[PDB]
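>>> below is the sequence, then the experimental coordinates.
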Amino acid sequence: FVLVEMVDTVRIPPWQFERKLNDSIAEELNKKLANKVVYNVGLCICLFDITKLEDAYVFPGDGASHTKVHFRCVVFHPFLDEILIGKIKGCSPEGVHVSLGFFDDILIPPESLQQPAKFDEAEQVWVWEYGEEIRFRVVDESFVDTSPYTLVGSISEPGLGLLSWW
Amino acid sequence: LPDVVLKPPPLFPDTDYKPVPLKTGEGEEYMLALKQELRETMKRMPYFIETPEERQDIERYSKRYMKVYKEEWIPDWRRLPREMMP
Amino acid sequence: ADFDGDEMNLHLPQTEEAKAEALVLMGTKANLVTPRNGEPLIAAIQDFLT
Amino acid sequence: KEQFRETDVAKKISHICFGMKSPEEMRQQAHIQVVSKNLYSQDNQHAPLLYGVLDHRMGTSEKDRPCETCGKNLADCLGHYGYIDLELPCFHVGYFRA
Amino acid sequence: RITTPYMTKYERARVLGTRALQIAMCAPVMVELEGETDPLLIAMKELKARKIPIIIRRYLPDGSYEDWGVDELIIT
Amino acid sequence: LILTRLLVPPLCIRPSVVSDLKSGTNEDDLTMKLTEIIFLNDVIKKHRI
Amino acid sequence: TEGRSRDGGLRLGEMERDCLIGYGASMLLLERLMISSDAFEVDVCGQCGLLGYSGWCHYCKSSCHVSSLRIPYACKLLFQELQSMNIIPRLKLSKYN
Amino acid sequence: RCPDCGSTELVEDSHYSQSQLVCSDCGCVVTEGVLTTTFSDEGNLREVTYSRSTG
Amino acid sequence: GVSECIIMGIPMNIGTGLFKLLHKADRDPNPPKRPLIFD
Amino acid sequence: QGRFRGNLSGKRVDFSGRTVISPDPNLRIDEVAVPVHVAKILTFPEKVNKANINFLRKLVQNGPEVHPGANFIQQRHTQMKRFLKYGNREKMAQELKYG
Amino acid sequence: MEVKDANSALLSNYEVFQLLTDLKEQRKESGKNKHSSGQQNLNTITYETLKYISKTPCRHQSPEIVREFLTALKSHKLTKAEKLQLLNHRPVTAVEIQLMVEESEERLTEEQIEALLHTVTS
RNA sequence: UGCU
Ligand SMILES: Nc1nc2c(ncn2[C@@H]2O[C@H](COP(=O)(O)OP(=O)(O)OP(=O)(O)O)[C@@H](O)[C@H]2O)c(=O)[nH]1
Ligand SMILES: [Mg+2]
Ligand SMILES: [Zn+2]
Ligand SMILES: [Zn+2]
Ligand SMILES: [Zn+2]
């Protein structure tokens, strides 16, 4: 979770003038940045606040009200060392499929650092004994439109001991 | 009259003449080795200025351990005009 | 014009802004005078002066 | 999950910068190479030849035969250019004084 | 504050057109029209009543700008 | 300034009418000029060979 | 088209354009000569300034800087003819603000 | 077929010099507008025969 | 220029397009910012 | 007849007509008479709003045949035009949404 | 649609919880049918993030407590990331600071752990 | 080729 500065030219139709301009801008920004991953920024959750809001222009075209609004929004973007607590939403032979609680099923922990008893035989077996912890390692983003996903990140689980659950 | 061609010519047409092989000799080998050594040693030279990294994520205690350290040459300000002093 | 077979053109704008601009700027009641010397062109004619 | 990409922007042209293209830029812009001098095929359908003039990969000019590059009709097709190489260079009459 | 206080015919036309477009796009009316099915007539009524929520942004050639309200300007 | 490649435009600029009433079609002058240019290039290549 | 037999429309000649300019009805002139006559939406790449198709620029082999733009079909034809003549018009787009 | 109701009653009916293929059940306009040439344009397309264009 | 404006299909700078219009919407410039507790 | 003078500076448009003129002093200086035949052909796109909803309903019910009416309707959700000469004009009028 | 700074300022989970609660109450107070039908992903993401933060121990927090914890940790020369992780996790056991928390070498001292536990529990 |  981190704040990100953005400047958006929001277009409000004429039938929304009876509503408050700031409230309409906030609703539009939320609808536009709800469940979407901005490249090199992360997945934006919602709008935090609006800092600067200059004059509202009206173009001779569509006739709507275009406003250039500067705002701050919250995005989920770890700092390469953040610790999280997720749940195992499945498991694959090459690696478990852990997912943060109802947030995003994109965490793919590689099983290449645990003690030397690591293997998945497709029976949803997590690990042979001697709320799942996760340590973010690196981020990565990719594009989608390439002809006429985008966030997976690397997860780590060192020898944390875990006296509560093996 | 000239015949019509259905497909376009090849992007890389073949040639019956091949390049002459390179000259062989201890001199050429030593020159190659010296050029490779220069390529390897000139990148680490202080004159090889790298792109200044920016937009650091956070500050950590391991910053002092991972801090890149390299001696910097001092230009001759007597010969160089004053418009290049930091 | 002289009403001796002249064919004139009639256009219908397809936008409210264009309609308003045509009615305001190109209004007959507002263009009763020419910008050349300000003399009124829309006035009485034959069969009315007499 | 989903990436953020803007759908449409109210882009306004600022100014037109005229210029010229080198042969490499012309090749990069063009899609195919026109080398056949004929227009239609020998069959009675008179279909346009491939890699030749009037090819449908460089746009469309008929309401029945759509474009081959983009799967759109004539009303929606913008057209595509082609590059034809010359054996010997030639002076550009427009730029001859230049 | 240095320009002419009178509202020119071009400004009149542009404001009326913009208001007519907004009304045709289901914008709220602030004059309580009485059987006026014409957006341009509604815009003219709003102009005569001095209730059009539009502010003219007059730009000078150098780059400066100045705001003038419809109710603040003078109409003919 | 010295051209070695000619940019043949799309077919939108070269409209072609399929005149089914006869064994021919109506083509613009640019198409004929490009055809003549290609024929001359082929003839020059043949003479060089 | 031109003729009435072929269902042709009227022509707003140069004199009509001059009259509209003198009147100053900018929106009227625009709706006449652009919207109601040869309105079309093209795709222009903000990197090279060339014309794309279906939101794709074949020159740069990318689609991130391609954006839609309203332009007269006659102006698009003129740009294409100039590009064929090797006079490449490089369009540098920008926000309307 | 009609994109709205799925009917196949598509009739080509020109409405005041406007060719339009419209459905006869719901009146949904399927396609409209046709690109023809114009006389000067016709004049300038030159006649070339298949004996030369085909090869 | 008016000629290139007409050619490109944009409102010419002369006439009604010399100035710009603004909407008199009920708003509040520089709204109150939410205070940051952690920073 | 070039692209600059023949297709850019002066070009042909639609929604326009050409007709012979005749005198009629019974009309105001700012008024002009238009024949029913040209009026039924030259149409104007009106947006359905909270003011002229009933007028547009009545025009659609009249249809393209009667002079006061319309010819086509473009929905707000889908841009597929609908010809009033076919279909139930009463239903089309009863299902007129804003926009 | 460009961004100016993706790492302007880090914030704990309490701020996100408060923002989500405010958005949820404003939504249930001024719900709009067409606005909700246009984009339903907003509702889903808000509800699920709120449910996750509720599952977490982030409850029973206040800005006064946050400021007190920050002022108490300022005297431990700990880094912003460490204090952020500690405030977001609220560790009740010692192992969570001994091993899970990074940069343990030379920072534990085997005496400051008791003070850290007391401060995070108070 | 006619029309204004
Ligand atoms: N009905 C009609 N006949 C024409 C027209 N134009 C040309 N003609 C015939 O052609 C002769 C003169 O036409 P020209 O002006 O020489 O034709 P042109 O010079 O090509 O005219 P442009 O096509 O405008 O260049 C007349 O004496 C007519 O015989 C026309 O526009 N309408
Ligand atoms: Mg006469
Ligand atoms: Zn194409
Ligand atoms: Zn490009
Ligand atoms: Zn149907």
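That came in fine, so what should we check first? Numbers count the residues shown, from 1 in each chain, chains lettered A, B, ... in the order given. Ligands and ions are numbered 1, 2, ... in the order given.

>>> can you report phi and psi for residue 48?
Using chain A here. phi -90, psi -50 (degrees, to the nearest 10).

>>> so the closest residue to it other than its chain neighbours, which of the three states?
Among residues not flanking residue A:48 along the chain, residue A:72 sits closest, at 4.6 Å (Cβ to Cβ, 6 or more residues apart in numbering or on different chains). C-beta here means a position set from N, CA and C on the backbone, and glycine is covered the same way. Three-state assignment for residue A:72 (DSSP: H, G, I helix; E, B strand; the rest coil): strand.

>>> wait, residue A:72 touches residue K:8, no?
Yes. Using Cβ atoms under 8 Å, residue A:72 and residue K:8 qualify as a contacting pair, with a distance of 7.0 Å.

>>> run a quick neighbour tally on residue E:75.
12 (other Cβ atoms under 10 Å in any protein chain shown).

>>> how many other residues sit next to the nearest residue to it once chain neighbours are set aside?
Leaving aside its chain neighbours, residue E:75 sits nearest to residue E:7 (5.5 Å; criterion: Cβ to Cβ, 6+ apart). Residues near residue E:7, counting by other Cβ under 10 Å, number 18.

>>> and residue E:16, by the same measure?
With other Cβ under 10 Å as criterion, residue E:16 counts 26.

>>> quick one: contacts for it?
Residues counted as contacts of residue E:16 (Cβ atoms under 8 Å, 6 or more residues apart in numbering or on different chains) are C:20, C:24, E:40, E:43, E:44, E:47.

>>> which helix or which strand is home to it?
Assigned by DSSP states H and E, residue E:16 belongs to helix E:9-24.

>>> can you check residue J:54 too?
helix J:53-62.

>>> not counting sequence-adjacent ones, nearest residue to the residue in chain D that chain B sits nearest to?
Chain D approaches chain B most closely through residue D:33 (4.2 Å), counting by Cβ to the nearest Cβ. The shortest distance from residue D:33 to any non-neighbouring residue, by Cβ to Cβ, 6+ apart, is to residue B:8 (4.2 Å).

>>> that neighbour reaches residue D:27, doesn't it?
No. In terms of Cβ under 8 Å, residue B:8 does not count as a neighbour of residue D:27; the distance is 11.8 Å.

>>> please name the residues that touch the residue nearest to residue J:35 when sequence neighbours are not counted.
Leaving out its chain neighbours, the residue that sits closest to residue J:35 by Cβ to Cβ, 6+ apart is residue J:19, at 7.2 Å. Listed by Cβ under 8 Å, 6+ apart, the contact partners of residue J:19 are C:7, C:8, C:10, J:35, J:38.

>>> change it to 10 Å
Taking Cβ atoms under 10 Å, 6 or more residues apart in numbering or on different chains, we find residue J:19 in contact with C:7, C:8, C:9, C:10, J:34, J:35, J:37, J:38.

>>> got phi/psi on the residue sitting nearest the centre point of chain D?
Per Cα atoms, centre = their mean, the C-alpha nearest to the average position across chain D is that of residue D:81, at 1.6 Å. Main-chain torsions, residue D:81, degrees, to the nearest 10: phi -90, psi 170.

>>> now do the one 3 residues further on
The phi and psi torsions at residue D:84 (degrees, to the nearest 10) take the values phi -120, psi 120.

>>> just the one 10 residues further on next, same as before
Recorded main-chain torsions at residue D:94 are phi -70, psi -40, according to degrees, to the nearest 10.

>>> repeat that for residue K:42.
phi -60, psi -50.

>>> please enumerate the strands of chain I.
I:20-23 (DSSP state E).

>>> my bad, should have said chain F
F:2-8, F:24-27.

>>> let me know whether the residue nearest to the centre of chain D touches residue G:83 as I believe.
Yes. Residue D:81 lies in contact with residue G:83 (Cβ atoms under 10 Å); the separation is 7.0 Å.

>>> what sits in contact with each of those two?
Common neighbours of residue D:81 and residue G:83 (Cβ under 10 Å, 6+ apart) are D:26, D:29, F:7, F:9, G:50, G:51.

>>> am I right that the first one is in a strand?
No. The assignment for residue D:26, made by three-state DSSP, is helix rather than a strand.

>>> the closest residue in space to residue K:100 that isn't next to it in sequence: neighbouring residues, count only.
Spatial nearest neighbour of residue K:100, chain neighbours left out: residue A:160 (5.8 Å); criterion: Cβ to Cβ, 6+ apart. Other residues near residue A:160 come to 14 when the count uses other Cβ under 10 Å.

>>> and residue A:160, how close does it get to residue B:5?
According to Cβ to Cβ, to the nearest Å, residue A:160 stands 70 Å off from residue B:5.

>>> now do residue H:54
16 Å.

>>> quick check: residue A:112 is in a helix.
No. Under three-state DSSP, residue A:112 falls outside any helix and is assigned coil.

>>> element containing the residue most central in space within chain B, please.
When Cα atoms, centre = their mean is applied to chain B, the residue found nearest the centroid is residue B:39 (7.2 Å). Here residue B:39 is covered by helix B:26-42, with elements defined by DSSP H and E.

>>> and that helix, C-alpha only, in CSV?
Provided in CSV are the C-alpha atoms of helix B:26-42 (Å, rounded to 0.1, in the frame of the first residue of the first chain):
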residue,chain,number,x,y,z
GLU,B,26,50.4,-14.5,-33.1
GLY,B,27,50.3,-10.8,-33.9
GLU,B,28,46.6,-10.9,-34.8
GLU,B,29,45.9,-13.1,-31.8
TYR,B,30,47.7,-10.7,-29.4
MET,B,31,45.9,-7.7,-30.9
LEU,B,32,42.5,-9.5,-30.4
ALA,B,33,43.4,-10.3,-26.8
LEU,B,34,44.6,-6.8,-26.1
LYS,B,35,41.4,-5.3,-27.6
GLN,B,36,39.3,-7.6,-25.4
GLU,B,37,41.4,-6.6,-22.3
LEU,B,38,40.8,-3.0,-23.2
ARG,B,39,37.0,-3.6,-23.6
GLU,B,40,37.0,-5.2,-20.2
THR,B,41,39.2,-2.7,-18.3
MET,B,42,37.8,0.6,-19.8
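
>>> after that helix, which helix or strand is next? Please name it.
Next element after helix B:26-42 (DSSP H and E): helix B:63-66.

>>> is that following helix in proximity to chain A?
No. Helix B:63-66 lies apart from chain A when judged by Cβ under 10 Å from any Cβ of the partner chain; the minimum separation is 12.8 Å.

>>> quick one: that helix to chain centroid distance?
Centroid displacement of helix B:63-66 relative to its chain, using Cα atoms, centre = their mean, to the nearest Å, is 28 Å.

>>> now it - C-alpha only, PDB.
Presented in PDB, the C-alpha positions along helix B:63-66 are these (Å, rounded to 0.1, in the frame of the first residue of the first chain):
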ATOM      1  CA  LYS B  63      22.800   0.700   2.400                       C
ATOM      2  CA  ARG B  64      26.300   1.200   3.800                       C
ATOM      3  CA  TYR B  65      27.200  -2.400   2.800                       C
ATOM      4  CA  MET B  66      25.800  -2.300  -0.700                       C
END
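
>>> can you list contacts of it?
B:56, B:60, K:79.

>>> and the gap between the residue nearest the centre of chain E and chain J?
In chain E, the centroid-proximal residue (Cα atoms, centre = their mean) is residue E:15; its distance is 3.7 Å. Between residue E:15 and chain J the computed distance is 19 Å (Cβ to the nearest Cβ, to the nearest Å).

>>> for the closest residue to that residue other than its chain neighbours, the count of nearby residues, please.
Excluding its sequence neighbours, the residue lying closest to residue E:15 (Cβ to Cβ, 6+ apart) is residue E:54, at 5.5 Å. Per other Cβ under 10 Å, the neighbour tally for residue E:54 reads 21.
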